[PDB]
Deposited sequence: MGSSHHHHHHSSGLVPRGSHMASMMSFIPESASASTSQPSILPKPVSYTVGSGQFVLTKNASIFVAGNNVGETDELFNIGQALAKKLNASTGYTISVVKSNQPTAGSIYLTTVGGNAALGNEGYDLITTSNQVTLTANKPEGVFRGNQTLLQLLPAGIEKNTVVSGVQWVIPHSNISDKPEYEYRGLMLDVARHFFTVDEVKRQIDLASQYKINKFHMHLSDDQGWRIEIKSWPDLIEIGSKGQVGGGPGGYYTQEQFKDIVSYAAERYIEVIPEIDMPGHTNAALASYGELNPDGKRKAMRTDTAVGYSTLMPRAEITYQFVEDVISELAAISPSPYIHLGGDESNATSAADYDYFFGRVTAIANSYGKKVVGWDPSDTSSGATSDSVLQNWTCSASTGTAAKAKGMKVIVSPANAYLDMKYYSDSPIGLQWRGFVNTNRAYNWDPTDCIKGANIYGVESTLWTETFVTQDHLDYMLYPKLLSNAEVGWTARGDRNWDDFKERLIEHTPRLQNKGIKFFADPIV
């Protein structure tokens, strides 16, 4: 048999007919079709009144999306007797084998029926439902001239990995609450279920800490290149968390330590050995900053920050960073990370950290490793300790240029086009581990606008999202590439300023 790899498409990028992404476990089509009309209602039914109430909220979110493009006013009804032309969302009789996030989605001529184990699974299944309707449905304004049809079809689905995440760096360049909400919303449509916020680094501190007000008053006032920066009040952070929660997305906040701490060091002189504030940094260098690993003031500061953040962040996890502590000795790093893990645990939070934080003697088997280095020795400690691992290889570093000539992005991991972002497996990063899942990381050294985010995340994130959801045995670039071409109008309709990658 003959085989080949993909080259660029001759003559440039290519960028009734559903386009489901990520690819579901099974999808069959039969004869006939369902028509969504102005008379349609969404019926919801759970196993008890409380579950029906949660399903009702999910139905209302769906109705809002459908109403925006159809111009209809679909309403939501608490009843297990759907009428002809209805969409029906239920958890009664879910197939337990599909887990919390799995669902069956069956479309007949008279009815759309989504059956799941949990409300979460009906939410994920609704992302598929939106992809079965014609392109146009994802418009934010009324579309005329399109019959709103769904083919007679049968889908069953569930994720391969539990953790399917996106990290946004808001320290290097700041993005508004609206901009952040929009990226969460877009990611949710591709079944991303985790959002990691890199809230602090050398060039800025982005979270209000009432006990240390100069973190904002001084530490938030810049960014890479010297723009004005910005920050989130605690109320704005809670608002983001609440918005994510409506999409069944866990928000994991990161306060990076003991390295990548210049902004804190520029806010409070007492955090530095000579008692003087550091100058703010607007360059892109890394590795040079450190908290004082043997000063009690350091641990007081960390405990105050953790206390306030834990109070407003319901996730059982806090990310304490731990990357590129090149101004911290190995002995001091071991000690520091063990101490801050104890502080986090005392506030009821488990710790996530970049490699090499798993090597800390103070880590527990409840700690999580985010393995970005993905070398043979990375996560040896994590594996021995029974720690879950989130993988972020080169292929998930979405801030990398697509090509040598990309107008934005970095290239210290090489270039990452849409193909590279697809053609990998979590076991390529680390073998013999408990892989919790995957996280796409969007660092923002070179991204200043919403259009820059869109351009780098789309279509790259779609590739990573399929790697997280779809089983390896069912992943194939030639398949995905053709499905992506078909999906392109939907990206356009959503207002995403995506890159038309010539490999697609």
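Colleague: Where along the deposited sequence are residues missing from the model?
Modeller: Missing CA coords at 1-6, 22-36.
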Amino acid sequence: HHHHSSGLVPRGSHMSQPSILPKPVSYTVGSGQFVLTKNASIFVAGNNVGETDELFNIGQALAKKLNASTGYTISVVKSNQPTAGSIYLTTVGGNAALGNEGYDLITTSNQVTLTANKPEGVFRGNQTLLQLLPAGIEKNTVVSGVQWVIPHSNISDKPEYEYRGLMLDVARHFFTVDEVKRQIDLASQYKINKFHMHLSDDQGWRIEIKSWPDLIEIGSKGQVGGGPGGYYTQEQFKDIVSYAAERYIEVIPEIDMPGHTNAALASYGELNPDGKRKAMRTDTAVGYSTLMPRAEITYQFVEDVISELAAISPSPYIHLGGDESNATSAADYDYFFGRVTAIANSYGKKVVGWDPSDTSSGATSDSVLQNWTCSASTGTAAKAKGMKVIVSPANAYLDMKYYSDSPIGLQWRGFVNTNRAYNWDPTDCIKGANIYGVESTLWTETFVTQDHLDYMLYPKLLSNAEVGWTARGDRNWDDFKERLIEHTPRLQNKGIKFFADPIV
From here on, numbers count along this sequence of modelled residues.
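Colleague: Going by the B-factors listed in the PDB entry, is the mean over the C-alpha atoms higher for 192-200 or for 133-141?
Modeller: According to the entry, 133-141 carries the higher average C-alpha B-factor.
Colleague: Please compare 282-290 with 419-427 and name the stretch with the higher mean C-alpha B-factor in the deposited structure.
Modeller: Of 419-427 and 282-290, the stretch with the higher C-alpha B-factor average is 282-290.
Colleague: If I read the C-alpha B-factors straight from the PDB entry, which of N67, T449, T470, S440 is highest?
Modeller: Of the options given, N67 has the highest CA B-factor in the PDB entry.
Colleague: Sorting the chain's modelled residues by C-alpha B-factor, tell me whether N345 ends up in the lowest, middle or highest third.
Modeller: Ranked within chain, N345 CA B lands in the middle tercile.
Colleague: Classify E235 as lowest, middle or highest third according to the C-alpha B-factor given in the PDB entry, relative to its own chain.
Modeller: CA B-factor rank for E235: highest third.
Colleague: Lowest, middle or highest third: where is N464 by C-alpha B factor in its chain?
Modeller: As the PDB entry reports it, the C-alpha B-factor of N464 lands in the lowest third of its chain.
Colleague: Could you look up the Cα B-factor of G165 in the entry and say which third of the chain it sits in: lowest, middle or highest?
Modeller: Its C-alpha B-factor, which the entry lists for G165, ranks in the lowest third among residues of this chain.
Colleague: What third of the chain does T52 rank in for C-alpha temperature factor, lowest, middle or highest?
Modeller: CA B-factor rank for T52: middle third.
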